[PDB]
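Raw contents of data-v1.txt, compact mmCIF, C-alpha atoms:
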```
# COMPACT_ATOMS: atom_id res chain seq x y z
CA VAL A 1 46.33 -2.31 9.89
CA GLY A 2 44.40 -2.43 13.15
CA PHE A 3 41.22 -1.57 11.25
CA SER A 4 41.43 -5.08 9.82
CA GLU A 5 20.60 -24.13 40.86
CA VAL A 6 22.02 -26.70 38.45
CA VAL A 7 24.57 -24.40 36.89
CA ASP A 8 25.53 -22.56 40.08
CA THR A 9 26.03 -25.78 42.07
CA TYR A 10 28.41 -27.02 39.39
CA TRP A 11 30.59 -23.95 39.62
CA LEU A 12 30.51 -23.95 43.41
CA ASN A 13 31.58 -27.63 43.38
CA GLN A 14 34.38 -27.19 40.92
CA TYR A 15 35.57 -24.10 42.79
CA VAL A 16 35.72 -25.80 46.20
CA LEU A 17 37.19 -29.01 44.94
CA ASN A 18 39.99 -27.32 43.02
CA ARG A 19 40.61 -24.65 45.68
CA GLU A 20 40.79 -27.02 48.66
CA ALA A 21 42.47 -30.00 46.87
CA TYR A 22 46.19 -30.40 46.19
CA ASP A 23 48.46 -32.51 44.03
CA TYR A 24 51.94 -31.40 42.99
CA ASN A 25 51.25 -32.93 39.57
CA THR A 26 47.95 -31.13 38.72
CA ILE A 27 47.90 -28.06 41.03
CA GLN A 28 49.05 -25.64 38.38
CA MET A 29 45.70 -26.08 36.62
CA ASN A 30 43.66 -26.09 39.81
CA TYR A 31 45.56 -23.00 41.01
CA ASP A 32 44.97 -21.02 37.82
CA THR A 33 41.37 -22.26 37.62
CA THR A 34 40.68 -21.15 41.17
CA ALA A 35 42.07 -17.72 40.35
CA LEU A 36 39.99 -17.64 37.14
CA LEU A 37 36.86 -18.28 39.22
CA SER A 38 37.81 -15.72 41.94
CA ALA A 39 37.45 -11.95 42.49
CA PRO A 40 40.94 -10.32 42.98
CA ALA A 41 40.30 -10.13 46.75
CA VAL A 42 39.60 -13.87 46.78
CA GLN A 43 42.46 -14.63 44.39
CA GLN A 44 44.88 -12.97 46.80
CA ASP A 45 43.55 -14.91 49.78
CA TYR A 46 44.08 -18.08 47.75
CA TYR A 47 47.56 -17.15 46.42
CA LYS A 48 48.73 -16.50 50.00
CA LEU A 49 48.09 -20.17 50.91
CA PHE A 50 51.11 -21.03 48.81
CA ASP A 51 53.34 -18.41 50.43
CA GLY A 52 55.86 -18.48 53.30
CA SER A 53 57.37 -21.41 55.22
CA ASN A 54 53.90 -22.90 55.81
CA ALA A 55 53.02 -22.78 52.11
CA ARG A 56 50.98 -25.67 50.75
CA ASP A 57 53.85 -26.04 48.22
CA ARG A 58 56.29 -26.72 51.12
CA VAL A 59 54.01 -28.52 53.61
CA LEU A 60 52.50 -30.95 51.12
CA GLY A 61 55.03 -30.36 48.34
CA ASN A 62 55.53 -33.70 46.61
CA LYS A 63 55.36 -35.71 49.87
CA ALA A 64 51.62 -35.46 50.60
CA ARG A 65 48.42 -34.77 48.68
CA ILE A 66 44.86 -33.61 49.38
CA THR A 67 41.73 -35.24 47.96
CA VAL A 68 38.48 -33.26 47.99
CA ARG A 69 34.93 -34.30 47.16
CA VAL A 70 31.65 -32.38 47.45
CA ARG A 71 28.63 -34.15 48.93
CA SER A 72 25.93 -31.50 48.47
CA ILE A 73 25.41 -27.87 47.46
CA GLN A 74 22.32 -25.84 48.25
CA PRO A 75 21.93 -22.15 47.12
CA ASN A 76 20.43 -19.87 49.75
CA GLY A 77 19.63 -16.46 48.28
CA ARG A 78 21.11 -13.75 45.98
CA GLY A 79 24.68 -14.77 45.08
CA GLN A 80 25.11 -17.15 48.03
CA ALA A 81 25.33 -20.90 48.58
CA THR A 82 26.34 -23.55 51.11
CA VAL A 83 28.77 -26.32 50.11
CA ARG A 84 29.05 -29.48 52.20
CA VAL B 1 43.46 4.23 18.88
CA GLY B 2 42.23 2.36 15.83
CA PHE B 3 44.96 -0.27 15.99
CA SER B 4 42.89 -2.07 18.62
CA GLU B 5 45.93 -32.55 21.34
CA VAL B 6 44.65 -35.17 18.91
CA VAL B 7 47.03 -37.89 19.99
CA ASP B 8 46.95 -37.09 23.71
CA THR B 9 43.14 -36.97 23.86
CA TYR B 10 43.01 -40.43 22.30
CA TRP B 11 45.25 -41.92 24.95
CA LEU B 12 43.46 -40.11 27.76
CA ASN B 13 40.12 -41.47 26.41
CA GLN B 14 41.28 -45.02 26.03
CA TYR B 15 42.90 -44.89 29.47
CA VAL B 16 39.78 -43.65 31.27
CA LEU B 17 37.38 -45.87 29.42
CA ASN B 18 39.37 -49.04 30.04
CA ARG B 19 40.32 -48.09 33.62
CA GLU B 20 36.81 -47.14 34.78
CA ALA B 21 34.85 -49.76 32.73
CA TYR B 22 34.29 -53.40 33.68
CA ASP B 23 33.18 -56.61 32.04
CA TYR B 24 34.14 -60.04 33.35
CA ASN B 25 34.55 -61.16 29.73
CA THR B 26 36.99 -58.43 28.50
CA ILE B 27 38.55 -57.01 31.71
CA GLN B 28 41.75 -58.98 31.42
CA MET B 29 42.68 -56.87 28.38
CA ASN B 30 41.44 -53.61 29.87
CA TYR B 31 43.28 -54.42 33.11
CA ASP B 32 46.61 -55.14 31.43
CA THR B 33 46.14 -52.18 29.07
CA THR B 34 45.50 -49.84 31.96
CA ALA B 35 48.67 -51.07 33.65
CA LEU B 36 50.56 -50.68 30.34
CA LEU B 37 49.46 -47.04 30.20
CA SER B 38 50.25 -46.38 33.91
CA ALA B 39 53.30 -45.41 36.00
CA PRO B 40 53.99 -48.10 38.71
CA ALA B 41 52.44 -45.79 41.36
CA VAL B 42 49.28 -45.55 39.24
CA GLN B 43 49.36 -49.25 38.35
CA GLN B 44 49.31 -50.12 42.05
CA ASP B 45 46.38 -47.79 42.74
CA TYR B 46 44.53 -49.52 39.91
CA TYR B 47 45.48 -53.10 40.92
CA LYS B 48 44.17 -52.43 44.44
CA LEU B 49 40.64 -51.84 43.06
CA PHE B 50 40.46 -55.56 42.40
CA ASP B 51 41.65 -56.52 45.90
CA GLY B 52 39.86 -57.44 49.13
CA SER B 53 36.18 -58.21 49.83
CA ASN B 54 35.10 -55.04 48.00
CA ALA B 55 37.10 -55.93 44.88
CA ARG B 56 35.54 -55.05 41.54
CA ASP B 57 36.02 -58.78 40.75
CA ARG B 58 33.69 -59.69 43.67
CA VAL B 59 31.27 -56.73 43.65
CA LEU B 60 30.57 -56.79 39.93
CA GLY B 61 32.05 -60.23 39.26
CA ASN B 62 29.91 -61.81 36.55
CA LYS B 63 26.63 -60.39 37.94
CA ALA B 64 27.03 -56.73 36.95
CA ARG B 65 29.01 -54.69 34.41
CA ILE B 66 30.18 -51.11 33.91
CA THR B 67 29.89 -49.17 30.66
CA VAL B 68 32.06 -46.07 30.21
CA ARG B 69 32.06 -43.42 27.49
CA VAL B 70 34.05 -40.18 27.18
CA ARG B 71 32.24 -37.02 26.09
CA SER B 72 35.14 -34.57 25.83
CA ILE B 73 38.84 -34.18 26.61
CA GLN B 74 40.67 -30.88 26.82
CA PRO B 75 44.46 -30.66 27.59
CA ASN B 76 45.39 -27.89 30.01
CA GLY B 77 49.16 -27.49 30.21
CA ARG B 78 52.41 -29.57 30.47
CA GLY B 79 51.44 -33.24 30.88
CA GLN B 80 47.91 -32.53 32.13
CA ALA B 81 44.36 -32.86 30.82
CA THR B 82 40.71 -32.89 31.87
CA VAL B 83 38.44 -35.78 30.85
CA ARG B 84 34.66 -35.42 31.01
CA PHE B 85 32.88 -38.76 30.89
CA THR B 86 29.92 -40.84 31.99
CA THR B 87 29.39 -44.27 33.50
CA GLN B 88 26.54 -46.70 34.07
CA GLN B 89 25.85 -50.12 35.61
CA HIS B 90 24.07 -52.98 33.83
CA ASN B 91 23.28 -56.43 35.19
CA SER B 92 22.22 -60.08 34.81
CA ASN B 93 18.57 -59.33 35.59
CA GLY B 94 18.44 -57.05 32.57
CA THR B 95 18.25 -53.82 34.55
CA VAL B 96 20.22 -50.60 34.19
CA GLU B 97 21.14 -48.10 36.94
CA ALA B 98 20.87 -44.38 36.31
CA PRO B 99 24.05 -43.05 34.58
CA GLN B 100 26.49 -40.99 36.55
CA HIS B 101 28.70 -38.15 35.39
CA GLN B 102 32.40 -37.97 36.38
CA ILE B 103 35.49 -35.89 35.62
CA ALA B 104 39.03 -37.24 35.58
CA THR B 105 42.21 -35.28 35.94
CA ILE B 106 45.14 -36.97 34.36
CA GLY B 107 48.80 -36.23 34.82
CA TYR B 108 50.84 -37.88 32.10
CA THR B 109 53.93 -38.38 30.02
CA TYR B 110 55.29 -40.74 27.42
CA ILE B 111 58.12 -43.23 27.96
CA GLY B 112 58.74 -43.98 24.29
CA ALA B 113 58.23 -47.23 22.47
CA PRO B 114 58.22 -50.39 24.73
CA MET B 115 60.47 -53.37 23.86
CA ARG B 116 58.11 -56.38 24.02
CA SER B 117 55.60 -57.54 21.39
CA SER B 118 52.88 -57.76 24.05
CA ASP B 119 53.35 -54.07 24.89
CA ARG B 120 54.05 -52.47 21.50
CA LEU B 121 50.89 -53.88 20.00
CA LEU B 122 48.89 -52.11 22.78
CA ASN B 123 50.85 -48.85 23.62
CA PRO B 124 53.54 -48.12 20.88
CA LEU B 125 53.63 -44.44 21.78
CA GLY B 126 54.58 -45.10 25.39
CA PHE B 127 51.62 -43.28 27.00
CA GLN B 128 51.89 -43.27 30.75
CA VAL B 129 49.70 -41.87 33.50
CA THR B 130 51.74 -40.49 36.38
CA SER B 131 48.84 -39.18 38.46
CA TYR B 132 45.12 -39.94 38.38
CA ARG B 133 41.91 -38.91 40.09
CA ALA B 134 38.24 -38.88 39.14
CA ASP B 135 35.48 -37.15 41.05
CA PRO B 136 31.64 -37.09 40.58
CA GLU B 137 30.37 -34.24 38.43
CA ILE B 138 27.75 -32.11 40.08
CA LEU B 139 25.15 -31.24 37.48
CA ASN B 140 24.26 -27.78 38.77
CA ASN B 141 22.36 -26.96 35.60
CA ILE C 1 29.67 -53.87 18.17
CA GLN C 2 28.39 -50.39 17.51
CA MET C 3 31.85 -49.04 18.41
CA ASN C 4 33.74 -51.79 16.62
CA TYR C 5 31.50 -51.32 13.57
CA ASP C 6 32.02 -47.56 13.36
CA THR C 7 35.73 -47.95 14.15
CA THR C 8 36.15 -50.48 11.37
CA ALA C 9 34.47 -48.09 8.95
CA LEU C 10 36.67 -45.24 10.25
CA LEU C 11 39.75 -47.32 9.44
CA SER C 12 38.43 -48.42 5.99
CA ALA C 13 38.39 -47.03 2.43
CA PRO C 14 34.74 -46.69 1.16
CA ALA C 15 35.21 -49.87 -0.94
CA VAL C 16 36.27 -51.73 2.20
CA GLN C 17 33.61 -50.07 4.34
CA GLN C 18 30.93 -51.37 1.98
CA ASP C 19 32.32 -54.91 2.04
CA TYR C 20 32.19 -54.72 5.84
CA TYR C 21 28.70 -53.15 6.06
CA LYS C 22 27.32 -55.95 3.86
CA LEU C 23 28.28 -58.55 6.51
CA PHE C 24 25.45 -57.19 8.62
CA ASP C 25 22.90 -57.33 5.78
CA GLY C 26 20.29 -59.89 4.70
CA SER C 27 19.00 -63.03 6.44
CA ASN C 28 22.57 -64.23 7.07
CA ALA C 29 23.59 -60.95 8.70
CA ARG C 30 25.96 -61.17 11.64
CA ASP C 31 23.25 -59.20 13.51
CA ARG C 32 20.77 -62.08 12.94
CA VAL C 33 23.12 -65.11 13.02
CA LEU C 34 24.96 -64.13 16.18
CA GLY C 35 22.50 -61.45 17.31
CA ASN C 36 22.41 -61.61 21.10
CA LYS C 37 22.64 -65.44 21.21
CA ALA C 38 26.30 -65.90 20.24
CA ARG C 39 29.50 -63.85 20.24
CA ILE C 40 32.90 -63.84 18.52
CA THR C 41 36.22 -63.37 20.29
CA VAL C 42 39.26 -62.37 18.21
CA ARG C 43 42.93 -62.12 19.15
CA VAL C 44 45.99 -61.38 16.99
CA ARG C 45 49.10 -63.51 17.46
CA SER C 46 51.54 -61.76 15.12
CA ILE C 47 51.74 -59.08 12.42
CA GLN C 48 54.58 -58.72 9.95
CA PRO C 49 54.64 -55.90 7.28
CA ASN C 50 55.80 -57.05 3.86
CA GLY C 51 56.32 -54.07 1.56
CA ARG C 52 54.67 -50.74 0.51
CA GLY C 53 51.26 -50.52 2.22
CA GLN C 54 50.95 -54.26 2.86
CA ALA C 55 51.08 -56.60 5.85
CA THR C 56 50.23 -60.12 6.99
CA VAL C 57 48.14 -60.66 10.14
CA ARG C 58 48.08 -64.04 11.86
CA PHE C 59 45.17 -64.39 14.27
CA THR C 60 42.60 -66.67 15.87
CA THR C 61 38.86 -66.60 16.43
CA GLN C 62 36.28 -68.45 18.52
CA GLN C 63 32.52 -68.54 19.13
CA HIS C 64 30.89 -68.35 22.57
CA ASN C 65 27.19 -68.44 23.40
CA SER C 66 24.21 -67.96 25.74
CA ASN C 67 24.16 -71.62 26.77
CA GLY C 68 27.67 -71.24 28.15
CA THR C 69 29.36 -73.30 25.45
CA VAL C 70 32.43 -72.55 23.36
CA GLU C 71 33.18 -73.75 19.80
CA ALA C 72 36.65 -74.95 18.88
CA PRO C 73 38.93 -71.98 17.95
CA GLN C 74 39.82 -71.42 14.35
CA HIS C 75 43.02 -70.01 12.87
CA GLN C 76 42.94 -67.35 10.12
CA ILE C 77 45.33 -65.11 8.20
CA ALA C 78 44.47 -61.65 6.91
CA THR C 79 46.19 -59.76 4.16
CA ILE C 80 45.80 -56.06 4.49
CA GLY C 81 46.46 -53.40 1.91
CA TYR C 82 46.64 -49.98 3.54
CA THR C 83 47.53 -46.34 3.66
CA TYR C 84 47.00 -43.32 5.85
CA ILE C 85 44.82 -40.32 4.98
CA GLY C 86 46.15 -38.03 7.69
CA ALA C 87 44.30 -36.61 10.65
CA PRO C 88 40.43 -36.52 10.27
CA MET C 89 38.53 -33.27 10.96
CA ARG C 90 35.71 -34.33 13.31
CA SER C 91 35.91 -34.97 17.07
CA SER C 92 34.12 -38.30 16.62
CA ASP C 93 36.85 -39.48 14.23
CA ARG C 94 40.04 -38.01 15.73
CA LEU C 95 39.38 -39.59 19.09
CA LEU C 96 39.29 -43.03 17.35
CA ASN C 97 41.76 -42.81 14.35
CA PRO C 98 44.02 -39.63 14.67
CA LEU C 99 46.67 -41.15 12.44
CA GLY C 100 44.29 -41.63 9.52
CA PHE C 101 44.78 -45.41 9.14
CA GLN C 102 42.85 -46.75 6.21
CA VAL C 103 42.43 -50.21 4.74
CA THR C 104 42.26 -50.15 0.95
CA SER C 105 42.06 -53.90 0.40
CA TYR C 106 41.18 -56.77 2.73
CA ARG C 107 40.91 -60.54 2.73
CA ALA C 108 41.15 -63.25 5.35
CA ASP C 109 41.42 -66.96 4.68
CA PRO C 110 41.43 -70.03 7.03
CA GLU C 111 44.87 -71.15 8.13
CA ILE C 112 45.62 -74.77 7.41
CA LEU C 113 47.52 -76.17 10.35
CA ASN C 114 49.72 -78.61 8.45
CA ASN C 115 51.92 -79.17 11.47
CA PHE D 1 60.82 -73.84 11.44
CA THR D 2 61.91 -73.63 15.06
CA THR D 3 64.94 -72.37 16.93
CA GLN D 4 66.45 -72.65 20.41
CA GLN D 5 69.41 -71.39 22.44
CA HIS D 6 71.79 -73.63 24.40
CA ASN D 7 74.78 -72.58 26.49
CA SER D 8 78.01 -73.29 28.40
CA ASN D 9 76.22 -73.55 31.75
CA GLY D 10 74.21 -76.46 30.41
CA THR D 11 70.93 -74.58 30.19
CA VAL D 12 68.41 -74.33 27.36
CA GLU D 13 66.08 -71.42 26.55
CA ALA D 14 62.48 -72.05 25.56
CA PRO D 15 62.21 -72.81 21.79
CA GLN D 16 60.78 -70.21 19.49
CA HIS D 17 58.76 -70.68 16.33
CA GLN D 18 59.54 -68.70 13.14
CA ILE D 19 58.46 -68.53 9.51
CA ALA D 20 60.74 -67.59 6.63
CA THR D 21 59.71 -66.34 3.24
CA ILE D 22 62.26 -67.06 0.61
CA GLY D 23 62.53 -65.58 -2.85
CA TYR D 24 64.88 -67.64 -4.99
CA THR D 25 66.36 -68.78 -8.24
CA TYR D 26 69.18 -70.93 -9.53
CA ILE D 27 72.31 -69.64 -11.27
CA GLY D 28 73.45 -73.00 -12.62
CA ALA D 29 76.56 -74.93 -11.72
CA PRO D 30 79.43 -72.79 -10.19
CA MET D 31 82.96 -73.03 -11.64
CA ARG D 32 85.18 -73.56 -8.57
CA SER D 33 85.79 -76.81 -6.64
CA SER D 34 85.06 -75.02 -3.36
CA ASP D 35 81.60 -74.04 -4.62
CA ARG D 36 80.49 -77.08 -6.64
CA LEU D 37 81.07 -79.42 -3.73
CA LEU D 38 78.62 -77.29 -1.65
CA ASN D 39 75.98 -75.91 -4.15
CA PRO D 40 76.22 -77.77 -7.58
CA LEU D 41 72.66 -76.84 -8.47
CA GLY D 42 73.31 -73.11 -8.17
CA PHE D 43 70.62 -72.38 -5.54
CA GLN D 44 70.42 -68.71 -4.78
CA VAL D 45 68.28 -66.66 -2.42
CA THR D 46 67.32 -63.31 -3.91
CA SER D 47 65.12 -62.11 -1.05
CA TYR D 48 64.82 -63.23 2.56
CA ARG D 49 62.82 -62.48 5.68
CA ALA D 50 61.84 -64.41 8.79
CA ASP D 51 59.28 -63.34 11.35
CA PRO D 52 58.19 -64.86 14.73
CA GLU D 53 55.26 -67.26 14.50
CA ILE D 54 52.37 -66.38 16.74
CA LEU D 55 51.00 -69.59 18.18
CA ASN D 56 47.35 -68.57 18.36
CA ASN D 57 46.26 -72.13 19.01
```
Just give me the structure of the file as structure tokens.
Amino acid sequence: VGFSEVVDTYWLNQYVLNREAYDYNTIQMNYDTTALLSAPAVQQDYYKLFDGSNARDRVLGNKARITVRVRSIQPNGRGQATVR
Amino acid sequence: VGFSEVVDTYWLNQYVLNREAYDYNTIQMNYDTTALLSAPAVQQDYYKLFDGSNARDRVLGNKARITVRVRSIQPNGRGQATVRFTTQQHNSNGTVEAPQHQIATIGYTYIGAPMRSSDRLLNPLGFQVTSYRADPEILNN
Amino acid sequence: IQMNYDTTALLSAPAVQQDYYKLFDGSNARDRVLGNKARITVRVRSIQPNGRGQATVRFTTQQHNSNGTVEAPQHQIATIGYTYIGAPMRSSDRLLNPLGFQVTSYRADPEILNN
Amino acid sequence: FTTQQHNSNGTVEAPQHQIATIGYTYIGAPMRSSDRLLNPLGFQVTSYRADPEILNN
């Protein structure tokens, strides 16, 4: 049975925007996307932002939302870039 | 060891194109259509784009126009999809501005068939945007 | 027009598509007569189905132009024979006609306003 | 044809415009006094529909 700069700046932008932004209505995709674009260490740091009494899910919840936009990204080396 | 979307993308396209686009000559239909395909919260956000001194109606007016086209839409969950599209500005002097790339995130549902002839002939399915945002795409290619 | 043109073809049986394409051919082509000097605005007032793939469309039309003038509006009635061919299998078609609407017969005559 | 609604509070609704399509025949004179004094010709509708008129004027 069983036998049968352009590219990096895009990812850096989408990562920051989705990571930092928040909307009760779309966050499940941004949340999973951020994790998909994060090393387990990073994923955990991110997941923790939605934990405890100060969780983004409780602080913003469905009462407030965060809008994020990237102005400029410039790579600076060997796996490293700055996002403004 | 050896053992080892069609309908929603249409509405999302038509919504973004009509919402983001502008032409003095056709905007009344795109404007009403956008509202018809929007939750009151969303409708208000949209209506406000035509208000004040920076209103699309005053900035573009009948001097400049916006052309919008959608490249690709991919649903990602439970009332949510990503729309990848472009936009450009044309004007009365015959010039064209460089095209921009944008990505919209749309939260949506359907409210069923409407009960007015002026609505059913535009949105029979009941498509409704409940949340909307669109950011510039950064072409880090 | 490029989108309306392709959309019309997308919603038309080959026989109908050809009838439509021909309106843009020859010296009397819409592309030469209207070109970029004049434009046509169309709005539908009412549609009522009457049978088995057939409906009546009551609509109006008017011509606008580059000199800022407008011709008196005309009234027309279309008779449309139609079916559906199901969902298309190309992204360029499904994002325009997912239902498969297709006109199999088409005519539109002037309305005589005997009011 | 046209149609309008009036009511007990003395108000009147805006008139609407409609168009009927009538399929018909005649069945000849009826054989009852209560019918011949109303439809002696035998008029009979065999199919009927009426849709709103769209005043695209």
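Using all atoms listed in the file, one finds that the residues of chain C close to chain D, at 12 Å or less, are residues 42, 43, 44, 45, 46, 47, 48, 49, 50, 51, 55, 56, 57, 58, 59, 60, 61, 62, 72, 73, 74, 75, 76, 77, 111, 112, 113 and 115 of chain C.
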- request: Within 8 Å of segment 73-81 of chain A, counting all atoms listed in the file, which residues show up once you throw out same-chain ones fewer than 2 positions away? Write them as a list in words, please.
  value: residues 5, 8, 9, 12, 13, 70, 71, 83 and 84 of chain A
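If we count all atoms listed in the file, these residues of chain A sit within 9 Å of chain B: residues 1, 2, 3, 4, 5, 6, 7, 8, 9, 10, 11, 12, 13, 14, 23, 25, 26, 28, 29, 67, 68, 69, 70, 72 and 73 of chain A.
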- request: List every protein, DNA or RNA residue with an atom no more than 10 Å from (71.4, -75.8, -9.0) in the file's coordinates, counting all atoms listed in the file, and format the result as an NGL selection string.
  value: :D and (25-30 or 36 or 39-44)
task: Tell me the residues of chain C close to chain B, meaning within 8 Å using all atoms listed in the file, as a PyMOL selection string.
output: chain C and resi 94-96+98
